[PDB]
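Fold the following for me, if possible:
(8 chains, ligands or ions: 2)
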Amino acid sequence: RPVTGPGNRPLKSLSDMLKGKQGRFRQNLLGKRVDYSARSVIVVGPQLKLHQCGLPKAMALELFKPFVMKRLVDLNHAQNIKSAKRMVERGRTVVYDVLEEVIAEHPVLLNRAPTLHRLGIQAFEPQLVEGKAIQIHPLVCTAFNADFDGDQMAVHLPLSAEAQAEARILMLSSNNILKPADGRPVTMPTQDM
Amino acid sequence: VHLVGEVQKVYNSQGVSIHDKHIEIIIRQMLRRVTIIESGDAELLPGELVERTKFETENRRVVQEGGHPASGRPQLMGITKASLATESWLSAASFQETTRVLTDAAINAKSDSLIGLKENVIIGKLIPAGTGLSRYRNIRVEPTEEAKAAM
Amino acid sequence: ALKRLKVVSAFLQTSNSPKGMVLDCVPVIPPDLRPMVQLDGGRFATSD
Amino acid sequence: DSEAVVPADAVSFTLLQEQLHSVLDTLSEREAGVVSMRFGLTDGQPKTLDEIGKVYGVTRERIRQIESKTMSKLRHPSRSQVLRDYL
Amino acid sequence: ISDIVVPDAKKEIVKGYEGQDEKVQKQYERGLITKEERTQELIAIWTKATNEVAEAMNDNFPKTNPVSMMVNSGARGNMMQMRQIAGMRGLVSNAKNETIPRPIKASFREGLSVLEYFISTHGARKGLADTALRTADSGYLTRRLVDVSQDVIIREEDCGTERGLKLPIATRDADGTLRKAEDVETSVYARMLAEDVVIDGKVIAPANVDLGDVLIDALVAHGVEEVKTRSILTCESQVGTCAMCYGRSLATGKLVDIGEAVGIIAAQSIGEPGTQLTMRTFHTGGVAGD
Amino acid sequence: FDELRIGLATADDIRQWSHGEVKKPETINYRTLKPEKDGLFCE
Amino acid sequence: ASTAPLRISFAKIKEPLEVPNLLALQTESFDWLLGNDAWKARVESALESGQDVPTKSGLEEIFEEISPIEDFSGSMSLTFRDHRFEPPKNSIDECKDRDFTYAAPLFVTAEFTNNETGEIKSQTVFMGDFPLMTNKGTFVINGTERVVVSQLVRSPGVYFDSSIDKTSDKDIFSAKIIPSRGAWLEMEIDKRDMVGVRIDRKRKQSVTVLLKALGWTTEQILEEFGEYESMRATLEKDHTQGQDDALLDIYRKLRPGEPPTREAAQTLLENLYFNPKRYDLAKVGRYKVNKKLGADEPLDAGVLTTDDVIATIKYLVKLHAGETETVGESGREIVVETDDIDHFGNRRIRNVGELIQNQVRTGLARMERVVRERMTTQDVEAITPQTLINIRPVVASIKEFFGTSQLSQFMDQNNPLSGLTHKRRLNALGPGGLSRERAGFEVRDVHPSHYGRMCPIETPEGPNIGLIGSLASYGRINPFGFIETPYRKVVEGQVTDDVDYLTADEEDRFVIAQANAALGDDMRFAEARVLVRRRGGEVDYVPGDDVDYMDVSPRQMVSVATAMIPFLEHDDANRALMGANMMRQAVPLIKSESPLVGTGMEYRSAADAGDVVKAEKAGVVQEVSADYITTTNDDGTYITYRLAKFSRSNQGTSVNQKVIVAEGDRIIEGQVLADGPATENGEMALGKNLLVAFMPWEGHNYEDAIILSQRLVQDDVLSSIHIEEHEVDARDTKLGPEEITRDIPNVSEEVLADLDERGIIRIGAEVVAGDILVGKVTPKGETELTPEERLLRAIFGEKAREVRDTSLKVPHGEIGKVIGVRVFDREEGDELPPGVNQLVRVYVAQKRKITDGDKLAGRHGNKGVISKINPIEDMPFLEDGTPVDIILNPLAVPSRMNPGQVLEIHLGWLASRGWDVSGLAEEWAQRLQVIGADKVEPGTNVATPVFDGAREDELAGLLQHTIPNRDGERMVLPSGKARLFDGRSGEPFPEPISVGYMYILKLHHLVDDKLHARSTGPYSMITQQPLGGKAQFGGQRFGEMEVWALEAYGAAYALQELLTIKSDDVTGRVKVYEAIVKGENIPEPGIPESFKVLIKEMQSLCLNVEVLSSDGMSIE
Amino acid sequence: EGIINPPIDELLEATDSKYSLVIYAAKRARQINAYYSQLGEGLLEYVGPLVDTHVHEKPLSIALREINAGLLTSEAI
Ligand SMILES: [Mg+2]
Ligand SMILES: [Zn+2]
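Residues are numbered from 1 along each chain as shown, chains lettered A, B, ... in the order given. Ligands and ions are numbered 1, 2, ... in the order given. Provided below are the atomic coordinates:
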């Protein structure tokens, strides 16, 4: 019998912390939580182009807080850094204008939970849009195996110049037309068009 | 051929189509080790799994030394055994059976060379695949003289 | 005999002596890695 | 946890340090030095007045008056708009 | 409601079939036939009936109706879904992999009866459970494949050797003609010829060129029966595997770059349709281990 | 970061790692809420 | 008469039996447990009616089961004769408001009698508060309405299993007696051609040793058992002989290490089984064992006897021998056959009464142990019932059940249907039962026995598929615990108006017909050919007068939730399951509207649900108002019902209750006076019904996404209130007391503008993220001012004070108008937990309108997120100019195999525009005329029962005869499709489009709850990675497959930042934030922290994990 | 005015590989980014944007514009 301790459950052990599904190896070294990220239900946007994704104003503003603060301080909209933080927390119109200015030409990696194959993560060009649900291009949906019954897709932010470089060149949505399983088109779904 | 055909017909029965190279790479991975038999001159144990490259190196060494080579037969083992019986214990430890590998690695006192991917994701270093390779990453950048002459 | 040779030779080639089997001093995890953090409400939170 | 350094607070404090150092540099060299010693902007231990009046070679009261003048000058609306937002 | 038009002949054909069925039941009531033989003949009879009514409905529906347009185009659905929407559902699996004697004779447009709905739910719940279990198993398989397949990266531009692999370019050649292989794409396309090929004394496919539609068609027309394609199995590279042996990557259409992680992509491709497979034996047949 | 050598930890090695010795099971006094002396959590 | 609003009925067959009280399962079980007036009234009513029922209540039965304690001298005894209740001190609303468990006192009379004293001393004792159940089947514990769900389990008894072993090449049979409480036993036959016994599966042993150890002799054993060769072989191969030798042998095998003792071994054998306390077989166990083994009237309650063991041995060999019919030991002839466990005769539900009774039983057992210890450690003449009994175990077990237990589940008050379905669920998961890991293919699968006893359609679709299922509509619980279903009686082919309740086993013997079968004008069957079902779930027909029972209502097999769906028969099983699961999430709206087309049964579900407020007396209303309604019965009693108004439910939704009755109208008992959430005129109303047209529309409705008008946003058609409740507690800490005050430190003057005098946000003050709700300040803290802070304060002359702000602020991303605030003060008479001096809760309520992202769905498993809300003019309008309120993708219905929604849409259109059929002389016209649904005015709802709906001929013929809405023309063509003009471009669409009214629901998967974002926030402690969740600003997880996918791209640098800079590196995060803010390029990532944790941990297992470099030691 | 504005084919044939292009454009982007943040030291080694730039721009976009223009060259050590 194990050392039950309180009697409700066996006690954790030094080796138990280093083993299993919940162990360190498979839960805090190969898969980690990450800052500069978000999640929200996805809706269909047909007016988008193949390389575009719609980020709600709240999510876009919260993801890009450092960049929005730097832009606000540089444009004299906010006096100092702390005033810029107060302004972005308040949520005035100038903050959203700066956000519209700053997000452009900066990729974000949309990612769905199962991520069965390498097309599960695809870079996109963000685009501010009202509402609170991500707008996604219908063509790239079937690569994610993402229907619109109800589905949440995580958005991750490449920070370094190298990361956004890879997202611009490698992980782009428009350079992954062919599915790697057998080299056939996957970015032309068939439900409606 | 048998393995590729069997798995391909299993997949095709529904309608999906996977290219044969994807299967072939795994099938090569399974067939990598060889079971040593008649381990007389090679001086190591008989009847245990050994990598193909190590077997070739030992055979070349012993034939150069003049001793007759130790024979061996190819052995096919599942993916799980192949993954567990890997040089890098820090990758096998990350795999399903953490306790056993750690005990045998500690007893063997084997140093884990960081060549590989899963071990280089643990340490937080750059994976040696894609943009993380040495040859791609050592390049330096500078414009041409005519660009500076223009501006 | 094959298994016995495997382990005995693995110990022979390695410089570490077999006496490491029987530990004499038990190491202790650093306290921050087994936190007894203060919890609001006068309660406590401890690791096993 | 509570020990984790909030990056927002850390960067705000670093910007505060930079702005404070620049504002002190705006003041005269001796005035900035004496006020910094009086408030330990170079070292974690501020030196009281007569303790400032040993390395600088001025009296415990001369140092007091110039420290007061530095406080008055810093309280001027000129070098206060930037520091007000930092609290 | 009027889009889905049930075939008119359905009632007459099914009442004929049920007349034959009740004749068989009558001749079973006297003991002239064993119960198991009754089950087998009835299962065959109703399989024939459902195939025939499916054919009748397939003939009935016009090409201009919405369901035909959205099933023929490849948009969504399958012909069997329309079969069980318009025509009778057919035989349904009993619990623990058996078959019922009285298969559902009603389509979803007419509406199932009570017991018909119950015996359909018997299979529906099993299908959901099977989907969940297959998803979990596929995930575990993908993890194992990705782990064993790590550490195999492309680390050489071209192989040092010339040995290759023999593959069937064309098979099932009818009399007096040459027919290409049915599954030529998944086997030999996107591979690399180890050496040139000469059939009429002239080089047809050069060495180290990727194979497409035009080249394979030309080689089949010239009448060659096999081909020697370079592959990773025979690759002889001092460091990992070379790019030339692996051939062109499939997501880009071009020669696999040096340093690309081919093993991870292979494992992911193998494990991706594990959820999609969902194939199982329809019935054990009363024998285990066969 | 070149190699993670692992092996049996002898008593001498564990003594070398240690910055002291744990002599008590005490964790924290019930009133001052501070770590005790020579027990667990000792500073 | 006036029970429910008029609803035109399309049903074709009359129903003899009315639907029972939908909540009988909970209320009657708890009445039995309490043994109050209701249970004994029911018992005597059944007895005078001749119906069987347990005459002994639950609490008194458990008290009487505990015999008086006898010490080693047996001198003393305690008798617990009678138990009684007192009225609860706290009213239900009071307990809900002030966080008290709704309980009542329970007393019992304990009598002290000692032979040595020869005196009897009687004194009443009180064992604690007993959590009581309100009339609506909910336990209000700690202010939260809990509900206890019935638990499916394997009933105790014998179970025989037949199996095939590939190695043996022959059949293998096994037997197992499953007790209620005691240790278990198994009897395997011909494992290797010999029979054996598993005594706790301790060791290998034979049957001969067991029988010899008993008093039964070898001669009589072989005389009885000489007709079977296998057991004769077992006998002769057994060398040991004699009762003593076998007994000591089995004792040695069982408890090795000590010499065998005859008396000790015999006492052990008596204790393990023959003792009545260790092997307490429940009444159901004996009841089913005597039937299975065929024993004629054994002991009604008791332990297995040697006769029972020998009978089981016999039965096992008869089953193995191949004989299928043989005489039962001390019983009549009985079929010997293998029994499958999954049969619902072998499945028993532990209703709430039995679960609470088991917890009370273990508590009383602990009490008995404690008092026995006290007698062993107490002196005579100082022992009284008051002092001896310790009430801690009973109260601490009945309190440890309702909290921290799987069966006592948090109520989900999303709507009345969700409440009902939560009440009626039969959760197979729980203690002492089928757990999640123990699930297999068989248990999840449906069985032919689940007909009227369990709904096969509806169940959770997650990993626990089929393990949890709702009780059937007509199901009733056997007193033993099995589930009955009613059936009408048939005699000489004539259906009688008599009903008999059959369990899962009694059903097998008979042959049951189907309710949908037609009947003639006379009570005889119209057609000789009739569909029936028989033993084993067969569907073979039996024409003519041969049946004896038939189903009483065609909706027997469907639960309450599934019975709501109209045209269920046309939907696939999977989509019906999804729709049933979806209907338990529709939120109540500002204005509720009952379905135009639906089952006829929503009224029963609504009324039986507790949300509606119905009258208890037949009087006249005297005062009608929003807060309360007053009624005056003719007798003279005055009763006023207080209507809840905008009070937060469990899920955070309003429970506003409207009023229907007028001033002077008459009332009958049970009539509905006030609706609840999702109700209208006493009818369930989970959503609004929208005019729907099927077409793809510019890709907005792609892949099941939904397009709806701006009218729904404009007219508040789909709008719901959502009330959030967050509270703070002014606790007392070591440094001092935290103070709730308006004088918050280090703040501006405008932030604390709307606060009250004591620092509480006023009522009706709109708030946003960051707004102060209640202002609180820490007592103090050891403040060491930093040099920069010191200089800044001196320049500005502001005094930093030890008191530190800890005020409550609205969580980020929130908005709403405050509606109420409650304060509980320690110094006041109000009681609080230790330490908390003051506790404040604030209600923030917002009127969430339908918007993009919010999830929407219908009844038939068709769900989708709103993708765009076009203006009213962009909608494709109909010929008269009426825009269609929603566009749905046609691609869904054929592939989803749920054409029932198209039928619903057509019938909704037909209901919206009335119809007139009189003298048409058509077949469908005749059917409607005799049904009575011939002349229907516009707008009146229509009822299509679940399996007796409107036939397609009826719908077509009605569509031919819809009332002309305007200008004498019908807009929908006979085919059911209409001309739709494009709103935007203007030109008509090329071909007609199917239009009509669909009942759409607003789910609780709103986008506002799902939206979460994080620049940088809180971090975890043991490992420095970001922590999860939305309430704590948590970063999304980058799982193993994510890093695999990124490796597949070859993107190493993005991975390197996603593992090091963006988490798990303490030095890197401050640096990267600083670099981003200052514009400097991102710095080089360091080593992660989790790797350092790993190496430190593995160093703590005596593994000297040394990080070394190629050239000696490495730099880190 | 988009991420796809510099097409990938020209850059790819200029650099002859895809990962090489990523790392080399990233190095150039880091160089221009650290130039823009000089704020006064004026180190001679640093080189600013060779192509014209907007008032507000991303360093990586200008780097990729330079790669497409072809006036930039690389050389492995
Ligand atoms: Mg989905
Ligand atoms: Zn090669």
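
Settle this for me: residue G:386 is touching residue G:125, isn't it.
Yes. Counting by Cβ atoms under 8 Å, residue G:386 touches residue G:125, with 6.0 Å between them. For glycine as for every other residue, the C-beta is placed from the backbone atoms N, C-alpha and C.

which of these two has more neighbours?
Neighbours were counted for residue G:386 and for residue G:125 using other Cβ atoms under 10 Å in any protein chain shown; residue G:125 has more, 17 against 11.

Wasn't the more buried one part of a strand?
Yes. Under DSSP: H, G, I helix; E, B strand; the rest coil, residue G:125 sits within a strand.

Whatever residue of the stretch 851-1000 of chain G ends up closest to chain B - how many residues pack around it?
Residue nearest to chain B within the stretch 851-1000 of chain G (Cβ to the nearest Cβ): residue G:895, separated by 16.5 Å. Using other Cβ under 10 Å, the number of residues around residue G:895 comes to 17.

mind checking how far it is from chain A?
For residue G:895, the distance to chain A equals 9 Å [Cβ to the nearest Cβ, to the nearest Å].

Please identify the helix or strand for that residue.
Assigned by DSSP states H and E, residue G:895 belongs to helix G:892-896.

any residues touching that helix, and which ones?
Defining contact as Cβ atoms under 8 Å, 6 or more residues apart in numbering or on different chains, one finds that helix G:892-896 is touched by E:67, E:70-71, E:76-78, E:81-82, E:85, G:572, G:575, G:694, G:704, G:861-862, G:899, G:901-902.

any idea how far that helix is from the chain center?
30 Å (Cα atoms, centre = their mean, to the nearest Å).

beta partners for the nearest residue to residue E:50 once chain neighbours are set aside?
Nearest non-adjacent residue to residue E:50, counting by Cβ to Cβ, 6 or more residues apart in numbering or on different chains: residue E:90, 3.8 Å away. Judged by DSSP bridges, the bridge partners of residue E:90 are residue E:104.

Same question for the helix holding residue G:895: list its buried residues.
G:892, G:893, G:894, G:895, G:896 (16 or more other Cβ atoms under 10 Å in any protein chain shown).

Confirm for me that residue G:1100 is in contact with residue C:28.
Yes. Counting by Cβ under 8 Å, residue G:1100 touches residue C:28, with 7.1 Å between them.

Name the residue in the two with the higher neighbour count.
residue G:1100 (21 against 15).

which residues sit in contact with the closest residue to chain G within chain F?
Nearest residue of chain F to chain G (Cβ to the nearest Cβ) works out as residue F:9 at 3.9 Å. If you count contacts by Cβ under 8 Å, 6+ apart, residue F:9 has them with C:20, C:23, C:27, G:1099, G:1102, G:1103, G:1104.

What is the neighbour count of the fifth one?
It refers to residue G:1102. Counted with other Cβ under 10 Å, residue G:1102 comes out at 21.

who touches residue G:86 in this structure?
G:104, G:105, G:107.

and if you look at residue E:271?
A:116, E:138, E:139, E:141, E:142, E:145, E:146.

and if we set it to 6 Å?
E:141, E:142, E:145 (Cβ atoms under 6 Å, 6 or more residues apart in numbering or on different chains).

and the residue nearest to it when sequence neighbours are not counted, how many neighbours?
Spatial nearest neighbour of residue E:271, chain neighbours left out: residue E:142 (3.0 Å); criterion: Cβ to Cβ, 6+ apart. Residues contacting residue E:142 under the criterion other Cβ under 10 Å number 22.

Can I get the helix or strand hosting residue A:84 in CSV, CA atoms only?
Using DSSP H and E, residue A:84 sits in helix A:81-90. Output of helix A:81-90 as CSV, limited to C-alpha atoms (Å, rounded to 0.1, in the frame of the first residue of the first chain):
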residue,chain,number,x,y,z
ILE,A,81,5.3,55.3,-20.3
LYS,A,82,3.0,55.2,-17.2
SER,A,83,0.6,57.6,-18.7
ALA,A,84,0.6,55.4,-21.8
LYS,A,85,-0.3,52.4,-19.7
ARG,A,86,-3.1,54.3,-18.0
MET,A,87,-4.4,55.4,-21.4
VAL,A,88,-4.3,51.9,-22.9
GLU,A,89,-6.1,50.6,-19.8
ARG,A,90,-8.7,53.3,-20.1
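
ranges for the helices of the stretch 1001-1116 of chain G?
Assigned by DSSP state H, counting those that start in this stretch, the stretch 1001-1116 of chain G shows helices spanning G:1007-1010, G:1040-1049, G:1052-1056, G:1066-1078, G:1089-1099.

Out of these, the one nearest residue E:222 is which?
helix G:1040-1049 (38.2 Å; Cβ to Cβ).

State the distance from the residue nearest to residue B:135 when sequence neighbours are not counted to residue H:46.
Spatial nearest neighbour of residue B:135, chain neighbours left out: residue H:76 (7.1 Å); criterion: Cβ to Cβ, 6+ apart. Note on residue H:76: its distance to residue H:46, by Cβ to Cβ, to the nearest Å, is 22 Å.

Quick one: residues contacting the most centrally placed residue in chain D.
The centre of chain D sits closest to residue D:36, judged by Cα atoms, centre = their mean, with a distance of 4.4 Å. Residue D:36 makes contact with residue D:42 under the criterion Cβ under 6 Å, 6+ apart.

which phi and psi does it have?
phi -60, psi -40 (degrees, to the nearest 10).

and what of residue G:488?
Here is the backbone geometry of residue G:488 (degrees, to the nearest 10): phi -80, psi 150.

Spell out the secondary structure type for the residue of the stretch 151-290 of chain E found nearest chain B.
Proximity of the stretch 151-290 of chain E to chain B (Cβ to the nearest Cβ) peaks at residue E:266, 3.9 Å away. For residue E:266, the secondary structure call by three-state DSSP comes out as helix.

Give me the neighbour count for it.
28.

What distance do you get for it to residue E:258?
17 Å.

For the spatially closest residue to residue G:949 that is not a sequence neighbour, list the residues it contacts.
Distance criterion Cβ to Cβ, 6+ apart; nearest residue to residue G:949, sequence neighbours excluded, is residue G:567 at 5.4 Å. Residues in contact with residue G:567 (Cβ under 6 Å, 6+ apart) are G:900, G:903, G:904, G:949.

so what's the spatially most central residue of chain H up against?
Central residue of chain H (Cα atoms, centre = their mean): residue H:63, 1.7 Å from the mean position. Residue H:63 makes contacts with H:25, H:28, H:29, as judged by Cβ under 6 Å, 6+ apart.

Looking at those, state which has the most neighbours.
residue H:25 (30 neighbours).

Just confirm it is within a strand.
No. With three-state DSSP as the criterion, residue H:25 is assigned helix and is not in a strand.

Wait, it touches residue H:64, no?
Yes. At 5.5 Å, residue H:25 and residue H:64 qualify as touching, with contact defined as Cβ atoms under 6 Å.

Looking at the stretch 101-250 of chain G, which residue is nearest ligand 2?
residue G:166 (46.0 Å; Cβ to the ion).

Report the separation between that residue and residue G:191.
In terms of Cβ to Cβ, residue G:166 sits 15 Å off from residue G:191.

tell me the contacts of the residue lying closest to residue G:933 once chain neighbours are set aside?
Spatially, and ignoring its direct neighbours in sequence, residue G:933 is nearest to residue G:8 (4.7 Å; Cβ to Cβ, 6+ apart). For residue G:8, the contacting residues are G:933, G:936, G:940, G:942, by Cβ under 6 Å, 6+ apart.
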